[PDB]
Amino acid sequence: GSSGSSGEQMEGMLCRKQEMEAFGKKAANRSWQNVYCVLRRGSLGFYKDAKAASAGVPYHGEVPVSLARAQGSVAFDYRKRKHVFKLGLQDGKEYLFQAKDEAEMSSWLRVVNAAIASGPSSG
């Protein structure tokens, strides 16, 4: 994106692996786990699955990470997984997600980007 962007929502099963919890800060979990990514209002939420997404049940109670000034790029390095993109927040939070294919992935980015630009609009 760049400017404008009405609102691009996206939610699906992704493998979120919290690597960095902050600038030059190594996360804790750092364990590959199936976390349902739920983008909305310009916020990326994490849930167990679509069953917890429709039930508004948070994976572990983690809130949605604001994509305000966040970066979203492909994971050009991961020599094992496919269709994976690295998401670097502004708070120094870096997460690793694995799409189902080049589509889901590319799309995400297109979405995550449509969210970043737009921003976490509130009222």
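Note on numbering: residues are counted from 1 along each chain in the order of its written sequence, which can differ from the entry, and residues with no coordinates are hidden. Derived side-chain values reflect all non-hydrogen atoms in the structure, with water molecules and hydrogen atoms excluded from consideration.

- As documented in the archive entry, the model was determined using solution NMR.

1. Here we look at the pairing of strand β7 (residues 84–88)
No. 1: β7 sits mainly inside the fold: four of its five residues count as buried.
No. 2: Pairing between strand β6 (residues 71–74) and β7: four bridges, direction antiparallel. The residue of β7 that forms the bridge with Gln71 is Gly88.
No. 3: DSSP calls a pair of strands paired once it identifies at least 2 bridges connecting them. Numbering of helices and strands runs from the N terminus; a helix is a DSSP stretch of H or I covering at least four residues, while a strand is a stretch of E covering at least two. In sequence, β7 turns back onto strand β8 (residues 94–98) through a hairpin of five residues, with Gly92 there showing a positive phi of about 90°. We call a residue buried when its accessible area falls under 20% of the maximum for its residue type, exposed when it is over 50%, and partly exposed in between, using a 1.4 Å probe and counting protein chains only.

2. Some details on the environment of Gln98
No. 1: Its place among the elements puts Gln98 in strand β8.
No. 2: Any pair of residues with heavy atoms lying within 4.5 Å of one another is described as a contacting pair. Ignoring any residue separated from it by four or fewer positions in sequence, one finds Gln98 in contact with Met13, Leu14, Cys15, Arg81, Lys82, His83, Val84 and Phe85.

3. Quick word on the pattern of salt bridges
No. 1: For salt bridges, the criterion is a side-chain nitrogen of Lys or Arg within 4 Å of an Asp or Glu carboxyl oxygen. Applying the stated criterion across every chain, the model contains five salt bridges.
No. 2: Of the charged contacts in the structure, one is a salt bridge between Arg110 and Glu8, with a shortest N-O distance of 3.2 Å. Pair noted here: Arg110 is in helix α2 (residues 102–118) and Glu8 is in the segment before β1 (10–22), with a separation of 102 residues, a long-range link.
No. 3: Taking the relative accessible area as the measure of exposure, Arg110 reaches 57% and is therefore exposed.
No. 4: Among the residues examined, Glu8 registers a relative accessible area of 32% and is labelled partly exposed.
No. 5: Between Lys25 and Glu21 there is a salt bridge whose closest N-O contact spans 3.8 Å.
No. 6: Since its relative accessible area comes to 34%, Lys25 is described here as partly exposed.

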